[PDB]
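Reading the structure
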Amino acid sequence: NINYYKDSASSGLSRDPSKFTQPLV
Amino acid sequence: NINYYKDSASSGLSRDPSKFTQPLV
Amino acid sequence: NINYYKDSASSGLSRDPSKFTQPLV
Amino acid sequence: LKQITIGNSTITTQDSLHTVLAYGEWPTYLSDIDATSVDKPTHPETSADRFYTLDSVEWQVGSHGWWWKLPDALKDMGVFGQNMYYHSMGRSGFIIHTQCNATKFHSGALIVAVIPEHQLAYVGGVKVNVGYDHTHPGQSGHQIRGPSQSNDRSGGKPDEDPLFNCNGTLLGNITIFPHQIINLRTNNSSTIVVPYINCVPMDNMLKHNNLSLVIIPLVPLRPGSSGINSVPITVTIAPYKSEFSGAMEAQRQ
Amino acid sequence: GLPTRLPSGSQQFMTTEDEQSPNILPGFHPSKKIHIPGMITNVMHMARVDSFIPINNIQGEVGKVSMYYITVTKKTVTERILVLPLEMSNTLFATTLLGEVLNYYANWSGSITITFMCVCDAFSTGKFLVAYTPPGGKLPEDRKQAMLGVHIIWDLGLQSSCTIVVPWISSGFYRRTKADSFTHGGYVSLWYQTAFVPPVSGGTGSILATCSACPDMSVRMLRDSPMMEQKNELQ
Amino acid sequence: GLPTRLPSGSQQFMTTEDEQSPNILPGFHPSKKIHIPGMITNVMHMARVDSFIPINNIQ
Amino acid sequence: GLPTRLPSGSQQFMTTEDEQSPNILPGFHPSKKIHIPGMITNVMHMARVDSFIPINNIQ
Amino acid sequence: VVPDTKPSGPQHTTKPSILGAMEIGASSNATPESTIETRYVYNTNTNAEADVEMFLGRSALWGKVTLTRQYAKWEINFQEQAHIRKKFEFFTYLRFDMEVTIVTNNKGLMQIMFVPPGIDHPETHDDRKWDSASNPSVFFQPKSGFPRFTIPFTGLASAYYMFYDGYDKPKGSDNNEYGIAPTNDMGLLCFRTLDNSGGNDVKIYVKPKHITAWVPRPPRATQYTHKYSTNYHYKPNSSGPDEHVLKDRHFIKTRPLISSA
Amino acid sequence: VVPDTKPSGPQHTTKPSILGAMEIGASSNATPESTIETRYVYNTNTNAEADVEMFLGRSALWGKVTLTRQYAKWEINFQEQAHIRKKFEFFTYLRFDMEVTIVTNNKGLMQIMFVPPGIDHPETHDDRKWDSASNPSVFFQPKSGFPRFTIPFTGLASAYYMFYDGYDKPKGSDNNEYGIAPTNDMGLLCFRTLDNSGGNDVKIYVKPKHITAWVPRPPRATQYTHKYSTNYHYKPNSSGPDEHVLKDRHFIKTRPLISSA
Amino acid sequence: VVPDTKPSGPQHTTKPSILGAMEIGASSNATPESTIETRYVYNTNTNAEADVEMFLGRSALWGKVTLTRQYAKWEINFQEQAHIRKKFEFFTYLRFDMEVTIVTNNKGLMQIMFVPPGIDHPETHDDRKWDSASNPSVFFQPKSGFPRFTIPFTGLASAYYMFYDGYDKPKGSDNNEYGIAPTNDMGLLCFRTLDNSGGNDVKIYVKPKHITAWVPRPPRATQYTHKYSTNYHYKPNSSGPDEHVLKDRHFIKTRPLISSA
């Protein structure tokens, strides 16, 4: 996992469904 | 941190505000 | 210090003044 | 209160502020790690380091300012001037003291700054280097005379507009330089200590002027209730930690 | 041969990249680095030094030193003396150290300092109200409305300079340099608190103002500055 | 020089690849990431919320 | 393929660079290095030997 | 990073952290905790885009030339392009290696000879002076490549003079040269084309790196007029019967009324 | 991965896992183990192609331009291409760095100047504003290379506004601007050609990366009409004497009869 | 690095470190500490740019050729370009591998055949001698590349003869050859073009590396006249009735008056 440009914004692509479908108290 | 040209002047970019704003004795 | 061509003559540039200015016995 | 004593001479003040120390560094001697000539430098240390007080100028209504080049202003001030003329090189810090006092009825302000390498602009038009005689006026200073279209253009006269610092940069940004303000309401003097600011250990004291003292009447001088319409300003400069090297004949003619 | 691939962006010259380059003149030994006083490491340190604001930049004053001060007098009723719209593109700030550093950057986020000084005799006294109307707020045009925002009240005696710290009030995290309607910064208005009383009947006082940045001021997205132009060719 | 070879597929722009690219505007500091409620990580979480069917879609 | 990039300055011939080059005539064995008196390693050693100045160079 | 904001309750203090002094030549330390009621704000902005390295290290354009007869010459200086000359004239002394990139629209085979100071450059293409033994030269084909090479700090002093308040000859001399013109020359680049293919436009992008700025200055507040000359009075119309009228060309805009803006 | 299927025998339960409530605003958890007899099924499918990163991170086309006189300009926005504008209008707030690739059929030597907000761009080729000192620029030769550079998140907030229900000026104002138009501008790219060789078609492919979507929305169910404007009434024939007839342009097809499809 | 300067006070010595002897053939060791009062000066300059490796190792031009009918020939020698021949004639014996780079403005497909000594080279293009089995050859396309290859030290002795005070045949012989001409030949390079595209100008840049210079000499103080011949009398006008007038062509300038310069 090398970052050739020595910067975070230059990297490649980076990487719980109940907030919806159940938003009850 | 590799230097491919084996020289200091070939590197990339290198890396206290009171000297001004307070130059009092 | 890598030599990519696996030969001595392929390398890059390599690296007492009294023999003159004092050649006395 | 304050009192500043260098060899043989003493400065005293009563309504004075905190002494400005240009860039936080005191004038020091040339360390061996930073020196480049081999000859041993001379250290006067008591006959050069003292308060030489130049001529007094007249602050009137409509005076635009005055600038003194250093060390050119001291070129004929005692053994400091004599060493300037007899040595190939030299470095020196200064202790610039400005004095102006009027009254509790007068008003006004002066922005007293110290510009390193105050490369003056030409008085206008064609590309012409400013004359040597003008950027080296001596201790007499130089009255700024203000901007106009009728200023003389012959012989590389320097720029006379005090708003553009006589060099193209706006006044009011001059406060980035080691400076102070003489507000006749609150104080009557200004002290500034300046080290030797130059990218080389020593250089010729006559060809090159490292500093420039510039005094600009930021706000005019109101006389108020008193028939006194002008006040003298005096500039008392003192070399400090001065050293010269490379002796030779006098560089006069 | 080791398999390599040349993705997009690998035969280009981007002016703002960071690469190593072959040293022409090898073996060259630069002259030694001596201690010159005054070294700077960051331009924001310039943007933290107070510099005068051309507060009287009216059409008759620009080009004259009298564009750095306005004249106040004894008035019976309160008046709005001076307004400084917090816009780092406005010619008030865009010509000072603060503004001339901030104009190289598209965004800025922090707190400003504004130091007002009154140059008058030693017997003149007076109180002024320095108000900062937060963003989204109309220009006050009455002291009863100006004093509801961030304001201070400074006397005049034995000490002439006073500082209002325009705090960082904003919705977003960064405020655009070229002032627009979405991120506007508000206004700083100077009002007669009680008067300006000189020792004589028609006395005057001349007020200056400097601006600087608080230690928490920051900038981003370096760009060209609109405060410089080149129309001719330098020969 | 280290011997390298450029196989087929090594001067092309495929829209759906995964490469690193030189950051224009270096030193740029993005604004801080605050907690906004509702963050989604997967569109299938949208596809798991009931939605009405236009069952009477006649002309 | 390992991702490489060719920055500016990477298809050029600068006369004063320091690179390795493929040896034509491989296996070649140079003649032995014998001790010749007088070896010099630095031209400043020449610049430290006194030499007469043409001080009377008039026309 | 920048410091966080500290909380501040109502304070009734007898040492005002607001009343300072502009005359003492020092800026005020007044942070908003001194004037108002603040809250603790975890503030993480950085001024990393403002330090001299990232401020100046951006490879701007320094000069353009035009290959007349497969030949053009350029003496290295930042004095022709006002936008970068201003960013440099921010500071008094600057010390930096520089990284030169040549953006040429030519096609064919070009040559750049970096002529160190004091020797004669080739006065034209197919000059004999091009066959040099020691002058470092750069060959390249403009298609497939941008030539780039670093010039280390060639100073004859500990820094570069952006402003020089002195002359180079003594008093009585006649051709004295004010300014930084004699203080340093970085050589010059001589371009030529060996083929005949492409255009003639050559742009020289130079990137100051390993910078160390030394004395801040008021940034230039007027459009330049000449190089090495720090004049600002523009003489706009040399022909007409007004040649003795000198524009100013500053950037201070005027507003109709104060207290209304 | 997705969960495996569990076995389920005949159940006679008094707590129906089928009878839910649509009114409570919560979706049902009914998996097929609740309705029928299931078998254990080792199920190993992944929705890895559906997460926001791999859903949006595909470098779509954002805008086209045409070099008129070796010059064209494009202000960065996703509002012109409906297919990607819809995938974005899925979510309310989006935070992403973007990776711009320029697919140009030109031949020669091009230049791209990324003009940050608030300054004047070059209004034409061979403008003086092209010699910039700080505006980041990209030079490339279209043959042998596709220029690509990442723009980090330039937000002035914690995310991008895909939809903004507000204005930028107060009530009584006159030129109020509804929508997201004032909330953000990402600068613009100015293209020019220094040679004369190739075509004029320039395509800007932009890839959102390090995405973080924030609030889901009903995907756009109508063809767009303007940019930044979220109108949908299409005024098809402005000339003819029907200009006041507004098509709808939705995608809901009709069927001849329900209970027959 | 060079040594630091030591301090030196006033000395009254009876062993003068100034009065030496020029007759003894040894240079004086007098450092400025012997004549004047010095200060300690931390001196860190290096003569690293003066050692033989970095002095000669700079890849100068050795010879030019012109492809007449897609064919040109060059016998390897440093004798044609005076600027590098002088830097070599600094020393008597030199031992170095050399790195040959070919800067050709041709376009197409070229071939270089390094013909070792003693065999027949191809006398033209499309000669049969080009199909060689053992003569090492270099193919390249001039666009996209500069061909480069190292020739190790091919000496027949421990070094190269820059100057040779002898002949190759005994006394009574008739075609004796003075100088270094017979002492060594480095072969020759035969260039040809297989296409027809480009120009005909070929430049051969050769970089001495792993140098070991052996005996210093007075640098050449006169313009050369021939190769391998170390004559200096230039016969300028062979046609006119002055052919027997021989210029000198030295570089010693004259001054109007001594004691005035």
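Numbers on residues come from counting from 1 along each chain's written sequence, not from the entry itself, and any residue without coordinates is not displayed. Chain letters start at A and ligand numbers start at 1, both assigned in the order the entries are written. A larger assembly contains the chains shown, and all values are computed for the shown part only. For the side-chain quantities, the full set of heavy atoms in the structure was used; hydrogens and water were omitted.

Structure determination for this entry is recorded as cryo-EM, at 3.5 Å resolution.

1. Looking at the overall build of chain D
Helix and strand definitions here come from DSSP, where helices need a minimum of 4 consecutive H or I residues and strands a minimum of 2 consecutive E residues; each element is numbered from the N-terminal end. Counting its regular elements, chain D contains 1 helix and 13 strands. Across chain D, helices and strands are ordered from the amino to the carboxyl terminus as β-β-β-β-β-β-α-β-β-β-β-β-β-β. With the C-alpha coordinates of chain D rotated into their principal frame, the extents come out at 60 × 50 × 30 Å. Accessibility here uses a 1.4 Å probe with only protein chains present; expressed as a share of the type maximum, an area under 20% marks a residue as buried, one over 50% as exposed, and anything in between as partly exposed. The buried share among the 253 residues of chain D stands at 65%. Taking as baseline every contact in chain D between residues at least 6 positions apart, the subset at least 24 positions apart corresponds to 83%. Of the roughly 8,300 Å² of accessible surface on chain D, a fraction of 50% belongs to carbon and sulfur atoms. Treating the 16 positive side-chain charges of chain D as one cloud and the 20 negative ones as another, the clouds have centres 6 Å apart. By the convention used here, residues are in contact when the closest approach between their heavy atoms is within 4.5 Å. Residue burial considers only the protein chains on display, and all accessible areas are found by Shrake-Rupley using a 1.4 Å probe. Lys and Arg are tallied as positive, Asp and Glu as negative. Neither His nor the chain termini are counted. A charged residue contributes its charge at one atom only: NZ of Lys, CZ of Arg, CG of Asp or CD of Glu.

2. Comments concerning the overall build of chain H
A count of helical and extended segments in chain H gives 2 helices and 10 strands. Going residue by residue from the N terminus, the α and β elements of chain H occur as β-α-β-β-α-β-β-β-β-β-β-β. Computed over C-alpha atoms, the radius of gyration of chain H comes to 25 Å, more than 25% over the 18 Å expected from 2.2 N^0.38 for 261 residues, which places it beyond the range of a compact globule. Taken along the three principal axes of its C-alpha coordinates, chain H extends 85 × 50 × 40 Å. Taking all 261 residues of chain H together, the buried fraction comes to 63%. As presented, chain H carries roughly 9,300 Å² of accessible surface, and 52% of it is formed by carbon and sulfur atoms. Side chains of chain H give 30 positive and 27 negative charges; the mean places of these two sets differ by 4 Å. For the radius of gyration, the atoms used are the C-alpha atoms, and the globule rule reads 2.2 Å times the number of residues raised to 0.38.

3. Structural notes on the pattern of salt bridges
Whenever a carboxyl oxygen of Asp or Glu lies within 4 Å of a side-chain nitrogen of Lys or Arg, that contact is scored as a salt bridge. According to the stated counting rule, one finds 36 salt bridges over all chains in the structure shown. Of the charged contacts, one joins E99 of chain J and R148 of chain J as a salt bridge, the two residues approaching to 2.9 Å between their closest N and O atoms. In this pair, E99 of chain J sits in strand β3 (residues 93-104) while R148 of chain J sits in strand β6 (residues 148-151), placing the two residues 49 residues apart along the sequence. Because the salt bridges share partners, they merge into one network encompassing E17 of chain E together with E99, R148 and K209 of chain H.

4. Notes on unusual backbone geometry
Of the consecutive residues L70 of chain D and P71 of chain D, the connecting peptide bond is found in the cis state with omega at 0°. Here the phi dihedral of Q70 of chain I falls at roughly 40°; this positive angle occurs in a residue that is not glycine. Relative to the assigned elements, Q70 of chain I resides in the loop between β1 (60-66) and β2 (71-75). Residue class for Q70 of chain I comes out partly exposed when judged on its relative accessible area of 22%.

5. Thoughts on the pairing of strand β11 (residues 211-222) of chain D
All names here are of chain D. Most of β11 is tucked away: 10 of the 12 residues are buried. Pairs of strands are assigned from DSSP output, requiring at least two bridges between the strands. Here 5 bridges tie strand β6 (residues 66-70) to β11, and the two strands are oriented antiparallel to one another. Its bridge partner lying in β11, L70 is registered against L211. Bridging between strand β8 (residues 107-114) and β11 involves 6 bridges; their strand directions are antiparallel. Its bridge partner lying in β11, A109 is registered against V219.

6. Examining the nonpolar core
In this structure, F93, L98, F116 and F128 of chain E together with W62, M98 and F191 of chain H are the most contacted members of the largest nonpolar core, which totals 191 residues. Take this core: its biggest share by element is 8 residues, from β11 of chain D. Each residue touching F116 of chain E, except ones within four places of it in the same chain, is listed here: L82, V130, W154, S160, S161, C162, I164, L190, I207, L208 and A209 of chain E together with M22 of chain H. By nonpolar core is meant a set of buried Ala, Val, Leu, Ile, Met, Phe, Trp, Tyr and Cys residues that side-chain atoms within 4.5 Å join together.

7. A look at helix α1 (residues 78-86) of chain D
Those residues of α1 of chain D that sit buried are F80, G81, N83, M84 and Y85 of chain D. Where α1 of chain D is buried, its residues touch β4 (52-53), β7 (87-99) and β13 (239-247) of chain D.

8. Re the sheet that holds strand β9 (residues 150-154) of chain E
Residues and elements named next belong to chain E. Read from one edge of the open sheet, 4 strands run β5-β12-β8-β9, paired in antiparallel fashion. The open sheet has two edge strands, β5 (80-85) and β9, and neither has a second partner. Neighbour-to-neighbour, the strand axes of the sheet open up by a mean angle of 15°, direction not taken into account. Pairing geometry for strand β8 (residues 125-133) and strand β12 (residues 187-197), over 9 bridges, is antiparallel. Residue pairing across strands places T125 opposite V197, the latter belonging to β12. To define axes, lines are fitted to C-alpha atoms, for helices over the stretch in contact only, and angles between the resulting N-to-C directions are given on a 0 to 180 degree scale.

9. Structural notes on the interface of chain E and chain H
The interface is formed by 91 residues belonging to chain E together with 84 residues belonging to chain H. What counts as buried area is the accessible surface, traced by a 1.4 Å probe, that two parts surrender upon association, with contributions from both included. Between chain E and chain H the total buried area reaches about 7,600 Å² when both faces are included, carbon and sulfur atoms providing 60% of it. For chain E, the biggest contributors to the area lost against chain H are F13, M228 and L234 of chain E; these three give 10% of the whole. For the pair chain E and chain H, the number of links is 3 salt bridges. Any pair of nitrogen or oxygen atoms within 3.5 Å is treated as a polar contact; in protein, a donor-acceptor pairing is required on top of that, and neighbouring residues in sequence qualify only through side-chain atoms on both sides. Linking chain E with chain H are 38 residue pairs in polar contact. For the side of chain E that touches chain H, the secondary structure elements donating two or more residues are β5, α1 (97-102), β6 (105-109), β7 (112-119), β9, β10 (161-166) and β14 (218-222) of chain E. A total of 6 residues in the side of chain E that touches chain H trace back to one element, the largest contributor, which is β5 of chain E. Taken together, the 2 bridges between β10 of chain E and strand β1 (residues 19-20) of chain H define a ladder with antiparallel strand orientation. Bridge pairing in β1 of chain H places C162 of chain E opposite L19 of chain H.

10. Quick word on the packing of aromatic side chains
The criterion for an aromatic pair is that two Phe, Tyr or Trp rings (for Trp, the six-membered ring) have centres within 6.5 Å, with stacked assigned to planes under 30 degrees apart, edge-to-face to planes over 60 apart and tilted to the rest. Under the defined criterion, the tally for this structure stands at 63 aromatic pairs over all chains. Arranged with centres 6.2 Å apart and planes meeting at 50°, the rings of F90 of chain I and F91 of chain I form a pair that is tilted. Given a relative accessible area of 12%, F90 of chain I falls into the buried group. For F91 of chain I, a relative accessible area of 0% corresponds to the buried category. Cluster of aromatic residues (ring-pair linked, three or more members): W62, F78, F88, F96, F153 and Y160 of chain H. Remark: a charge is flagged as sitting over a ring if the NZ atom of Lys or the CZ atom of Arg is within 6 Å of the ring centre and within 35 degrees of the ring normal. A cation over a ring is seen here: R220 of chain E above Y174 of chain E, with NZ or CZ 4.1 Å from the ring centre. Positioned above the aromatic ring of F55 of chain H, the side-chain terminus of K87 of chain H is 4.7 Å from the ring centre.

11. What about a nonpolar patch on the surface?
Taken together, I2 and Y4 of chain A, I2, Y4 and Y5 of chain C, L2 of chain E, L2 of chain F together with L2 of chain G make up a surface patch of nonpolar side chains, about 760 Å² in accessible area. The exposure class assigned to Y5 of chain C is partly exposed, which follows from its relative accessible area of 32%. Note that patches include only residues with greater than 30% relative accessible area and no salt bridge, and the join distances are 9 Å for like charges and 5 Å for nonpolar side chains (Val, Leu, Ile, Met, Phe, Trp, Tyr).

12. What to know about the sheet that holds β14 of chain E
Within a sheet, each strand pairs with its neighbour through backbone hydrogen bonds, oriented either parallel or antiparallel. All names here are of chain E. Strand order in the open sheet formed by 3 strands is β11-β6-β14, with antiparallel pairing between adjacent strands. Two strands in the sheet have a free side with no partner beyond their single neighbour: β11 (175-176) and β14. Bridge analysis of β6 against β14 gives 4 bridges, and the strand direction is antiparallel. Looking at β14, one finds that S109 is bridged to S218.

13. Section: the arrangement of the chains
Among 26 pairs of chains with at least one contact, chains E and H form the most extensive contact set. At no point do chain D and chain F touch; the closest pair of C-alpha atoms across them sits 26 Å apart. Contact between chain G and chain I is absent, and the minimum C-alpha spacing across the pair is 10 Å.

14. Some details on the side chain of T177 of chain E
Residue and element names in this part refer to chain E. Structurally, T177 can be placed in the loop between β11 and β12. For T177, a relative accessible area of 0% corresponds to the buried category. A polar atom in the side chain of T177 sits 3.3 Å from the backbone oxygen of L102. Only 2.7 Å separates the side chain of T177 from the backbone oxygen of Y105, close enough to count as a polar contact.

15. Description of the environment of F78 of chain I
If you trace the backbone, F78 of chain I turns up in the loop between β2 and α2 (82-89). For the pair formed by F78 of chain I and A60 of chain I, sequence separation is 18 residues and the distance between their alpha carbons is 9.8 Å.

16. Side note on a positive patch on the surface
A cluster of basic side chains, namely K143 of chain H, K107 and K143 of chain I together with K143 of chain J, defines a positive patch on the protein surface. Among the secondary structure elements, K143 of chain J is positioned in the loop between β5 (137-140) and β6.

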